[PDB]
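S.K.: Following this message is one structure expressed as structure tokens.
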Amino acid sequence: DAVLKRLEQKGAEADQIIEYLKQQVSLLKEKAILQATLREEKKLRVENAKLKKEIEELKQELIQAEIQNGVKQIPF
Amino acid sequence: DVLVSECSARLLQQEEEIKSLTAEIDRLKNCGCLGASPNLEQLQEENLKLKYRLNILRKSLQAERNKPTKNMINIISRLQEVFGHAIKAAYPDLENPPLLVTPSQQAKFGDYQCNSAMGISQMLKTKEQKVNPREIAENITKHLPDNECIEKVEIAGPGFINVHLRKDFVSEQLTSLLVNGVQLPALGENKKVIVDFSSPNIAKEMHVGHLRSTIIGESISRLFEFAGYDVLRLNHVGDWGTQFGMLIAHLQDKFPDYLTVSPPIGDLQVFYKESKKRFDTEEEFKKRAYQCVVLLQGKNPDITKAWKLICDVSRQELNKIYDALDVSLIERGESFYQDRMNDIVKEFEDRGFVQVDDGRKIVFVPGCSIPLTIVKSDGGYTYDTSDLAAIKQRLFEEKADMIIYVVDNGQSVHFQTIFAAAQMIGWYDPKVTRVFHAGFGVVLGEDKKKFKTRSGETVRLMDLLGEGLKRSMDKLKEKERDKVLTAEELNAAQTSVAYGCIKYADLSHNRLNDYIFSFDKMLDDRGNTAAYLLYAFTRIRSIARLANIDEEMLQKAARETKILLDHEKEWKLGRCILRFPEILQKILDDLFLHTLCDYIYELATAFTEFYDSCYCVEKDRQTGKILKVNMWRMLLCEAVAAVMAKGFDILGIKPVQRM
Amino acid sequence: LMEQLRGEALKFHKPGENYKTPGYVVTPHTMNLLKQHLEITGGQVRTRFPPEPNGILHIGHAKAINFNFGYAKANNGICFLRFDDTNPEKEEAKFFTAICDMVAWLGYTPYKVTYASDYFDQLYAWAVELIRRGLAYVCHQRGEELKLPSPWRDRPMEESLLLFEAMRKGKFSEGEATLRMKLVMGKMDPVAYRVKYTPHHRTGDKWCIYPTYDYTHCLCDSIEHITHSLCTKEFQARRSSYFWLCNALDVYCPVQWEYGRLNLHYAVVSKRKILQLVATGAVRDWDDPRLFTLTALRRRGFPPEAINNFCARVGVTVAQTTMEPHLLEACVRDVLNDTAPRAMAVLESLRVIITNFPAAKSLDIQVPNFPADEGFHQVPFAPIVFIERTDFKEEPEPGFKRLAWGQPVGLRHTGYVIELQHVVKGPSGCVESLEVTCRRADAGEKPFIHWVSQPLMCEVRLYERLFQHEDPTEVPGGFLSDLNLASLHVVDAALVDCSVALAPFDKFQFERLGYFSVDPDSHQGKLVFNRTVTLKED
């Protein structure tokens with residue numbers, strides 16, 4: 005009879021240490037997915053800009069070949 | 002009974018507290034500051050919506066490159082566009098490696114060769130690791146695309162990439178420059194290029210120095226007219242001198258009736274040096290002279306009437322020069338800026354660039370240690386005021402895209418200072434408009450010295466034309482005084498020989514260097530000079546003429562007959578015919594016209610190696626009339642002739658046909 | 220209904236005509252381009268019904284479908300199912316088929332199936348012609364507001384020509400420059418050709434200039450030769466806009482008549498609001514009953530005859546009588562009445578055992594599947612039969628009429644009646660299992678309830694009007713709070729007989746209950762019924 009409320013204040017202090025240690029899991033697993041998916045989203049910035057680089061080089065390869073027999077206008 | 006019934010009522014109303022919380026978050030939460038982008042969605046979307054661009058673009062590059070052409074092709078430019086494909090595809094993590102696509106030369110290293118593999122091995126960082134250019138080069142030979150020109154590809158050096166050409170393509174343009182004219186495709190659409198060239202000082206006698214900038218000046222001017230640039234020619238004449246005040250003061254005495262009676266004044270310099278003697282000696286003259294050089298700055302009606310008449314004699318002597326050299330020109334010497342020069346002097350105090358020194362106002366270029374004088378000690382404007390208030394009008398009114406200044410190599414300190422200063426106040430940018438100084442050497446006689454004559458001061462240029470058609474005639478009565486059609490071929494020869502040699506032996510010699518005027522080496526019938534060109538040029542329009550082939554029999558046969566290139570020497574000539582726009586591009590860039598003369602001579606060298614080798618017309622021995630005409634080898638002598646004739650139109654040399 | 224679209228040969232204009240009535244226009248085309256119109260169609264009054272692969276098709280689209288496919292079918296013409304591509308919209312395959320399915324569910328075979336993208340070549344070709352003929356320039360502004372001024376109007380022709388040629392060759396940046404018309408009407414906002422850079426469904430890649438609904442769905446009426454072209458009623462201040470592209474290129478025209486935007490109350494149909502409700506959990510799928518999507522009403526039962534007959538009653542004009550489910554659920558009451566047979570079933574399954582009745586197991590007995598002369604199906608009788616406890620109370624109020632002590636009640640389609648005997652309660656106080664002998668009431672005695682014996686199935690799903698009142705929008709703040717009385721719910725007890733069947738869109742009457750249709754979760758073993766309409770109540 006006098007050992008239920010002693011075991012209860014062991015398993016209710018368990019919810020205590022559970023949901024603290026759970027909130028360090030639930031916020032370390034946030035930094036993991038954040039640190040990764042962030043530095044990939046600035047690695048789309050190294051593709052998307054390198055894309056415009058090899059895009060602008062190519063519009064001026066066409067426009068040097070579409071004057072070869074065609075008309076060009078300004079500017080623009 | 003009801004805590005289950007009303008909890009739903011606090012659950013029915015809590016819904017709106019969630020529904021409307023999500024509602025007003027849609028409005029005041031989005032972008033309230035400098036940046037704007039969804040990274041999860043959009044940055045994964047611009048990656049495809051623009052990766053779809055390289056494909057829709059490449060498909061449109063394949064459309065307009067497929068459908069040709071009505072022109073010629075800068076062969077070397079379209080090779081750096083198939084290596085531009087090949088090399089950066091072979092190595093996707095390099096930005097701009099060298100593209101040394103040169104000819105060179107004798108079909109030994111093939112026709113063309115690219116020494117770029119070095120500049121990928123030479124690109125030797127990432128901690129000094131040995132990368133042999135040979136494995137570098139052949140990694141580009143398996144990663145070079147498909148084209149309309151290349152037959153075989155080779156390696157033979159440390160990393161040398163020697164290239165060979167497909168016969169099929171080489172001859173396809175030889176016909177192209179034949180049926181549709183030998184023309185270059187509208188290069189640089191609607192750009193405006195003005196050229197400052199002739200520009201001698203009025204009432205001073207125009208000389209050989211100011212003549213070198215007349216032939217170099219208008220030869221360039223017709224280049225950009227041929228390329229497709231909207232060119233306008235400028236005569237930066239010197240009708241704004243403090244010396245012009247010295248003239249009218251001598252006029253007010255010589256002729257008090259200049260305003261009502263036309264003045265009988267013959268030579269400019271004898272009248273000039275008459276005003277000069279008045280100048281140095283007299284004191285009443287010199288105080289009348291510079292008191293009227295400020296009257297004319299003020300647009301004085303009576304004083305200006307004098308000034309207008311003065312030029313009409315030194316400019317009748319000038320149009321006696323342009324008529325011969327066929328120099329089309331538009332005169333705007335410093336006389337034109339006397340209005341706006343005053344508004345430029347003002348701009349450099351408003352900007353606070355001008356420093357106060359010695360009763361003068363001078364400006365300091367951060368590139369040299371030599372300042373400019375824009376304000377004289379007597380309120381007069383100089384040369385630094387002129388070409389600086391004129392480099393703005395050629396920038397903000399004419400709105401040029403590039404201007405070429407053709408004066409000697411002695412005023413280079415001046416121009417690269419007016420340039421740098423122009424950029425300073427912020428009129429143009431060194432890479433939005435390329436303002437470049439077309440400099441040249443000094444005129445020397447056959448005695449290495451100043452030019453020239455017995456005395457000889459400044460040699461009058463009209464006599465050069467006089468001793469230019471006498472020299473060109475004494476050789477042309479040996480013995481063509483009979484073969485020549487009286488009016489036609491005497492005129493056509495001696496007026497093409499005279500203005501041909503003179504223009505040429507100065508454009509053959511390097512522009513930047515000292516031109517040695519040698520009237521015997523310039524008209525040497527056996528030399529690089531136009532003496533040999535115009536003679537061997539009629540000689541190519543004579544292999545066709547001596548075969549009875551009229552203006553229709555060649556212009557139809559060209560449209561139908563394909564050209565053969567099996568022999569080694571006809572392959573050596575067939576190449577140089579199409580080098581023509583690869584030589585014209587180099588001179589659009591470096592503006593050294595001395596590499597065109599090297600080329601117009603280059604095809605005539607491989608021609609005498611050809612016309613002697615493969616027989617154009619060859620029947621027969623023991624009877625010599627007919628027949629063995631190789632029409633495809635007759636199209637060659639119509640191609641070489643159409644090329645040089647448009648290349649002569651550029652040099653300024655009027656071509657001849659019969660001689 | 221085609222009695223009412225034939226009466227539009229008693230209102231409109233026959234094969235050809237065209238110049239007779241509408242916003243008629245006479246150019247060097249009227250008598251000589253309409254000559255070619257009849258030289259290709261032969262007359263044959265062609266119409267079209269053109270939705271999108273994004274489309275969801277709700278009941279109000281049945282006024283659209285019945286109209287086009289109907290006038291054609293009525294006055295001997297054809298009608299194009301024309302899928303509106305225009306701007307590329309990913310894929311969504313479920314509605315790509317939902318449309319084709321629903322079109323046939325009503326009973327129309329579309330003459331042809333076309334996409335808008337099929338004609339991107341001649342739409343571009345006529346676009347090139349429009350820039351040259353004038354009334355077509357290349358401008359910008361937008362998105363500097365498509366509503371602020373009007374710039375670049377009478378620009379140089381060739382400039383807008385080479386720019387339009389550049390626009391598609393990829394010489395642009397997905398936003399810079401559009402292609403407009405010299406448009407007036411309205412508020413003169415012209416956008417004929419925009420620029421995207423997005424893959425397409427039908428003509429993928431290759432393309433990066435794509436027109437717009439206004440430009441696209443005007444010419445295609447011409448292109449495919451349409452002589453009516455029935456627009457809904459958002460297209461009112463757009464009559465000018467449609468007749469503008471034709472004649473400006475000179476073409477055989479439509480005429481474009483408008484009908485009234487007939488929605489319905491108690492209803493929400495937009496997929497941004499529905500695919501919400503899918504994920505909230507108030508509803509099952511987009512074909513969940515009580516949704517009023519056409520693919521849902523199919524699930525709910527609702528015969529395609531009943532949906533069409535409703536249209537012949539309240540439609541065929543320009544009046545947009547956005548009406549109620551009550552007058553529509555009363556139109557399907559008309560059809561399931563005699564398109565679906567009787568069967569009867571029990572829900573509150575109460576074990577009733579019959580002591581004294583003849584023979585052994587089963588005994589067939591046949592049921593009037595229809596209170597007509599067509602014929603009888605059979606379901607096993609006594610003993611151990613099943614009535615629901617909602618037809619038996621121990622103490623009845625005088626209003627009772629079912630089973631009471633000493634108050635026997637008839638068994639439907641049977642010459643027998645049970646008198647009621649001893650009853651069992653079991654453990655607690657639940658009316659567990661009752662028993663009785665049958666007096667075979669040829670002796671005349673009214674309560677006549679339904680029953681099953683040697684029963685069967687599993688699931689019956691009951692559905693109410695999802696919102697307790702009307703189209704959640706008219707300022708109650710907002711739309712996701714009319715989802716009251718659950719609605720819901722299901723009964724996976726349910727004992728039905730051998731009348732069924734066992735196939737899964739058949740319809741029934743469950744005698745003295747409701748009209749019920751089979752649902753696509755059914756097999757032949759674990760079958761499942763939707764309750765479609767309420768049996769004539771209210």
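Residue numbers (the authors' numbering), protein chains in the order written: chain A, 5 to 80; chain B, 2 to 660; chain C, 220 to 366, 371 to 408, 411 to 599, 602 to 674, 677 to 698, 702 to 735, 737 to 771. Even for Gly, the Cβ is constructed at its ideal location relative to N, Cα and C.
Using a Cβ distance threshold of 8 Å, determine whether the stretch 67-84 of chain B contacts the stretch 574-590 of chain B, with at least three qualifying pairs required.
M.R.: Verdict: yes, contact present.
S.K.: Can you pull the chain C residues whose beta carbon is under 8 Å from the beta carbon of residue 56 of chain B, in chain order?
M.R.: Going along chain C in sequence order, the residues near residue 56 of chain B (Cβ under 8 Å) are 430.
S.K.: Determine, using beta-carbon pairs with one atom in the stretch 247-266 of chain B and one in the stretch 341-352 of chain B, whether at least three such pairs fall under 8 Å.
M.R.: Short answer: they don't touch.
S.K.: What does residue 56 of chain A reach in chain B if we use C-beta pairs closer than 8 Å?
M.R.: Neighbours of residue 56 of chain A on chain B, chain order: 51.
S.K.: In chain A, what lies closer than 9 Å to residue 65 of chain B by C-beta?
M.R.: Ordered by position in chain A, the residues that pass the 9 Å Cβ test against residue 65 of chain B are 66, 69, 70, 72, 73, 74.
S.K.: Taking 8 Å as the cut-off, does the stretch 552-566 of chain C touch the stretch 641-650 of chain C (at least 3 CB pairs, one atom from each stretch)?
M.R.: Judged by Cβ distances under 8 Å, the stretch 641-650 of chain C makes no contact with the stretch 552-566 of chain C, as fewer than three pairs qualify.
S.K.: Whose Cβ in chain A lies nearer than 9 Å to the Cβ of residue 382 of chain C?
M.R.: Result: 77.
S.K.: Kindly indicate the opening and closing residues of the alpha helix (DSSP H) around residue 571 of chain B.
M.R.: 569-577 is the extent of the alpha helix (DSSP H) around residue 571 of chain B.
S.K.: Answer yes or no: does any C-beta atom of chain B fall closer than 9 Å to that of residue 59 of chain A?
M.R.: Output row for residue 59 of chain A: interface = yes.
S.K.: Residue 58 of chain B and residue 393 of chain C look like a contact to me (Cβ under 8 Å); what is the Cβ gap, rounded to whole Å?
M.R.: With a Cβ gap of about 4 Å, residue 58 of chain B and residue 393 of chain C count as contacting.
S.K.: At least one CB of chain A closer than 9 Å to the CB of residue 393 of chain C: is that the case?
M.R.: Yes, residue 393 of chain C lies at the interface with chain A (some Cβ there is under 9 Å from its Cβ).
S.K.: Put residue 179 of chain B into one of helix, strand or coil per three-state DSSP.
M.R.: Residue 179 of chain B falls in the helix class under three-state DSSP.
S.K.: What number of angstroms, rounded off, separates the C-alpha of residue 363 of chain C from the C-alpha of residue 399 of chain C?
M.R.: When rounded, the distance between both Cα atoms is 12 Å.
S.K.: Below 8 Å, can you find three or more Cβ-Cβ pairs linking the stretch 566-576 of chain B to the stretch 607-616 of chain B?
M.R.: Flag = yes, the stretch 566-576 of chain B and the stretch 607-616 of chain B touch.
S.K.: Strictly below 8 Å CB to CB, what residues from chain A border residue 59 of chain B?
M.R.: Within chain A, the residues near residue 59 of chain B are 62.
S.K.: Would the beta-carbon of residue 635 of chain B fall within 9 Å of that of residue 532 of chain B?
M.R.: The answer is no: Cβ separation not under 9 Å.
S.K.: Can you tell me where the alpha helix (DSSP H) with residue 416 of chain B in it begins and where it stops?
M.R.: 413-426 is the extent of the alpha helix (DSSP H) around residue 416 of chain B.
S.K.: Counting Cβ pairs, one atom from each stretch, are 3 or more of them under 8 Å apart for the stretch 540-551 of chain B and the stretch 503-520 of chain B?
M.R.: No, the stretch 540-551 of chain B is not in contact with the stretch 503-520 of chain B.
S.K.: Kindly say whether residue 402 of chain C, judged by its beta-carbon, lies nearer than 9 Å to any beta-carbon of chain A.
M.R.: It does not: the Cβ of residue 402 of chain C has no partner Cβ on chain A nearer than 9 Å.
S.K.: Could you tell me which chain B residues have their CB closer than 8 Å to the CB of residue 51 of chain A, listed as they occur along the chain?
M.R.: Result: 48.
S.K.: Could you name the residues of the same chain whose beta carbon sits closer than 6 Å to that of residue 609 of chain C, not counting the 5 residues immediately before and after it, in chain order?
M.R.: 579, 582.
S.K.: Residue 286 of chain B to residue 408 of chain B, Cα distance in whole Å?
M.R.: Rounded to the nearest angstrom, the two C-alpha atoms are 34 Å apart.
S.K.: Are residue 311 of chain B and residue 204 of chain B touching if we call contact CB-CB under 9 Å?
M.R.: Yes.
S.K.: Quick check on DSSP: helix, strand or coil for residue 636 of chain C?
M.R.: Residue 636 of chain C falls in the strand class under three-state DSSP.
S.K.: In or out: residue 265 of chain C buried (at least 16 other Cβ within 10 Å) or exposed?
M.R.: Buried is the call here.
S.K.: What residues from chain B crowd round residue 397 of chain C, counting only those whose CB sits closer than 7 Å?
M.R.: Here the neighbours are 50.
S.K.: Of all the residues that make up the stretch 17-31 of chain B, which are near chain C by a beta-carbon distance shorter than 9 Å?
M.R.: Flagged, chain order: 17, 20, 21, 24.
S.K.: Is the beta carbon of residue 419 of chain B sitting closer than 9 Å to the one on residue 404 of chain B?
M.R.: No, the Cβ-Cβ distance between residue 419 of chain B and residue 404 of chain B is not below 9 Å.
S.K.: With distances taken between CB atoms, is the gap from residue 524 of chain B to residue 598 of chain B smaller than 9 Å?
M.R.: No, Cβ-Cβ distance for residue 524 of chain B and residue 598 of chain B is not below 9 Å.
S.K.: Is the Cβ-Cβ distance between residue 715 of chain C and residue 507 of chain C less than 9 Å?
M.R.: Yes, the Cβ-Cβ distance between residue 715 of chain C and residue 507 of chain C is below 9 Å.
S.K.: Please tell me whether residue 385 of chain C has its Cβ less than 9 Å away from any Cβ of chain A.
M.R.: Yes - at least one Cβ of chain A is within 9 Å of the one on residue 385 of chain C.
S.K.: If distances are taken between C-alpha atoms only, which option among C/757, C/671, C/639, C/622 comes closest to residue 685 of chain C?
M.R.: Taking only the C-alpha atoms, the option nearest residue 685 of chain C is C/757.
S.K.: Are residue 391 of chain C and residue 334 of chain C closer than 9 Å when you measure CB to CB?
M.R.: No, the Cβ-Cβ distance between residue 391 of chain C and residue 334 of chain C is not below 9 Å.
S.K.: My guess is that residue 217 of chain B and residue 594 of chain B are in contact by the Cβ rule of under 8 Å, so how many angstroms apart are they, rounded?
M.R.: So it is a contact: roughly 7 Å between Cβ atoms.
S.K.: Got a sec, what are the start and stop residues for the beta strand (DSSP E) residue 564 of chain B sits in?
M.R.: Taken as a continuous stretch (DSSP letters only), residue 564 of chain B belongs to no beta strand (DSSP E), as it is neither H nor E.
S.K.: Just how far apart, CA to CA, sit residue 281 of chain B and residue 271 of chain B?
M.R.: When rounded, the distance between both Cα atoms is 15 Å.
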